[PDB]
Structures are given as structure tokens and as C-alpha cells.
């Protein structure tokens, strides 16, 4: 068997290949000791590593392992998954929405990193904690789907009132920009959490359409685990990608692009 590991800041993504059967395992980066141990109990024909914690694994296992640069590995894996699922895209932006967010332009034969921003899943978790005292990711994300942003976010029509805006009125003018018009309010943990995800999705999508235009593609492929159990984030990103005339794509097992890629760079 063959194993691929993308050991990120938050999640360790593991892909095992026997015959042609794939196994897709996720594990916490916090529990990296139990990944190293599992690995040490296994019969492995080939081990390929990538991600920020790849080296922690590599220095505590009993076998050699090839190590790849995660930008390369993610592009390779995502090419594999896009093909298999029927997407045949000449070019595209891809946005790896992980703990942080990295943005890449794939021109048809290779990738180039073209931007990055620190708004991603880490912010959802961290800023989510500070506003809700919720540490559990499922709990945090589920609760945010129950939320309404309208008392928190300020729209363009709120600013332009009864006059004609220079950009459409329903757009977000200012994330958290309505909070001070609603100080009579509670600000419920759900509402606050939807606004966090709101701001994270809008920033990511904004940067992505921006570089899409810069590199003259209209296809944007979103990946990373930040979308798992977060319909809200996936909605926010999708709607605004379409609103600005780009085509968004999500891919089955998108979050393992890295782990897959590492296997097929060997």
C-alpha cells in the first residue's frame, strides 16, 4: 500500500491507496503522536509527505519518506480529483481555505501562488471562540447556521439610504458595521458567528475574483476543510463568486488534494 499525508496546522489528512481503493482519513494535528505511531505499525510501500507538520512526522517514523511542497501537492491532487469528477478546466484560480488561505493560479500545466490572506478556518475557530466560548468545531459551525447577520453587517443601501448607490445596494458595505446601530440588541452567539463566517467568506471570495481577473480566468476552485460542516461559508462564497461573474467549483474530497497530490508526485 501507498500513503499520502498533508499535515496541516489543524488537520492531518491521510490517503491510503491499495489496489485502486482509497481511504480518506482525517485526524487532528494536535494528535500527531498517534499518527506517527499508526504509521509505525503499518506495512508501507511508499510514504509521501506534505504540509507544515510533515517534518514532525518524518523525524519520528522508522521509514524514509519523500517530502513535497504543499502548493505543488495540492495542485496535483486537485487536478486528479477535477478530472475524475468531470471538470475539465483549461485554467483556474484555486483557493485553499485552510487554517489560513492561499491562492493559486493554475494556467493549464502548473501552478503559481498569486495571493494569500489570514482569513480562513483558523479565524472561524479563534474569533469564534472569543465571541462564543465554543471550542468544539461541530458545535461552533452548527450554531452559526442558525444566525442572522443583518443587525451586525451594514449594506450599501444602509449607507446610501434613499439615493441611488454606485454599486448594488444589497452588497455588504461594512462587515460588523451595523453593530453600533443596534446597541439595544443582545448580539446572540449564533448571529455573531454567522458574521465571522460572513467576513471570512467575503474576503476569501473577493481576493479570489480579484486574482481571477488579474490572470484572466473565470473559473474559481475552492478547497480546504473549512467548508466541511459549514453550509454558510460554502453559500457565502458561492453566491458572491457567481454575483461577480465567475464560476465556483467545489470538489468531492477537496480537502485531501494535498494528500492525493503527494502520492502522485512520487
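Numbering follows the first chain given and starts at 1.
### Query
Out of 124 to 132 and 93 to 101, which stretch has the higher average CA B-factor listed in the record?
Higher mean C-alpha B-factor in the PDB entry: 124 to 132.
#### Entry: Between the two ranges 10 to 18 and 254 to 262, the one averaging a larger CA B factor in the entry
Mean B over CA atoms: larger for 10 to 18.
### Message
According to the Cα B-factor stored in this entry, which of the following is highest: 195, 183, 174, 74?
### Response
Comparing C-alpha B-factors across 195, 183, 174, 74, the maximum falls on 183.
### Query
Out of 239, 70, 27, 214, which residue has the highest Cα temperature factor in the PDB record?
It is 27.
#### Entry: Third of chain Cα B-factors occupied by residue 81
Middle third by C-alpha B-factor.
### Query
By its CA B factor, does residue 113 count among the lowest, middle or highest third of the modelled residues in the chain?
Its C-alpha B-factor belongs to the lowest third of this chain's values.
### Message
Please say which third, lowest, middle or highest, residue 154 falls into when its CA temperature factor is compared across its chain.
### Response
Lowest third - that is where residue 154 ends up once the chain's C-alpha B-factors are sorted.
### Query
How does residue 64 rank on Cα B-factor within its chain, lowest, middle or highest third?
Highest third, going by the recorded CA B-factors of the chain.
### Query
C-alpha B factor of residue 48, ranked within the chain: lowest, middle or highest third?
Middle third, going by the recorded CA B-factors of the chain.
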